[PDB]
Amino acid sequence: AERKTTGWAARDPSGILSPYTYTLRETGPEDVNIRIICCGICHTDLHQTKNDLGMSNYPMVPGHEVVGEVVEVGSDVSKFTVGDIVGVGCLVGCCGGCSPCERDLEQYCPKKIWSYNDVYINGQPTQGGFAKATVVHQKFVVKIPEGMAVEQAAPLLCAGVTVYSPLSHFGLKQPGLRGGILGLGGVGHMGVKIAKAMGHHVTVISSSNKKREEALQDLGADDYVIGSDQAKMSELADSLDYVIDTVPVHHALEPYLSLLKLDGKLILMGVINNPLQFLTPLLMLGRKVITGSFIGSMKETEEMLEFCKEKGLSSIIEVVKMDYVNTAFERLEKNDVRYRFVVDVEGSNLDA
């Protein structure tokens, strides 16, 4: 293609990252060429890296929470002008001609191409944002809002829209609503920020008192309930408009469906690889919903970023240099990060 980049790749299920040089494509008519400033780390990167889901193709450059600079723009693009600080999410392509793609629900396209570990329309293995540059179709790039900081808008490109997409789709953008956040991972954490920011009563549900300081002090949730403290669990019995169910492992749905009121939704966003249960007469009891959501579209990623700027959301990111990415992976695995990690990619890896 048109020139080379170096970035840090994984090349076996041990997931240890070391520099890897590769060729980027020629900036085609619709493409946008980006000089990556920083890239965020989150568990997807930890999962594909070490294989885990049994489907990793190596060499693999992670990073899907990308924010950089348009240095070059394809023959047709006009949204972006060179110089613009832009950002790239989990996807880099879709078929553009099926009903999800026309509806601007391209994350739901059957033929979506992922940031890395996939293969693009030209036959090339997609590589992440842990590199000094990337070329991305203009449809999968977003202008990061003006006051917004780069390492700030990078968690927001992944966990931001995963929460804001349902909160916007299920009509839950309304002030007043009562929500539960079951699970305090990354998506959970953002749940308590975007929900609380939309004007919602946010109750964080867990299983131990470890996330009390986090949910109540650092997240500002209105009270914390242990999913096993039956006293307070029953006072909640028909008060919640929705539940953002974030737990990745198998759990009983019925205790959480129980907190829900008439027409209440349980939005599931952790992948439980084993079939979850529900007792059918209780969904009938409250015209309750069991649903799910896969990330966000690009229209919603604009919306969400704009929203967090307006409402001034601020996650507590920890910015590390690229030689630290392996210990940063060890710690993100042992949950030793003070909430999020952002790799400063202008803390470079020059390897021609």
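Start at 1 and count along the sequence shown; that's the residue number.
Novice: As stated in the PDB record, which stretch has the larger average Cα B-factor, 212 to 220 or 191 to 199?
Specialist: Going by the record's values, the stretch with the higher mean is 212 to 220.
Novice: Comparing average C-alpha B factors as deposited, tell me which of 251 to 259 and 120 to 128 sits higher.
Specialist: Looking at the record's C-alpha B-factors, the answer is 251 to 259.
Novice: Specify which of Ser14, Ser18, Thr21, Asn335 carries the largest Cα B factor in the deposited PDB entry.
Specialist: The C-alpha B-factor peaks, among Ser14, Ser18, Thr21, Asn335, at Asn335.
Novice: When you compare the CA B-factors of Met233, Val86, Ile267, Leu91 as listed in the entry, which one comes out on top?
Specialist: Of the options given, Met233 has the highest CA B-factor in the PDB entry.
Novice: What third of the chain, by the recorded C-alpha B-factor, contains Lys299?
Specialist: For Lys299, whose C-alpha B-factor we compare with every modelled residue in the chain, the answer is the highest third.
Novice: Going by the recorded CA B-factors, say which third of the chain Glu310 sits in, lowest, middle or highest.
Specialist: Highest third, going by the recorded CA B-factors of the chain.
Novice: Which third, lowest, middle or highest, does the CA B-factor of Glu72 fall in along this chain?
Specialist: Answer is lowest: the recorded C-alpha B-factor places it there.
Novice: For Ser168, does the deposited CA B-factor place it in the lowest, middle or highest third of the chain?
Specialist: As the PDB entry reports it, the C-alpha B-factor of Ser168 lands in the middle third of its chain.
Novice: Grab the CA temperature factor for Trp114 from the record and place it in the lowest, middle or highest third of its chain.
Specialist: CA B-factor rank for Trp114: middle third.
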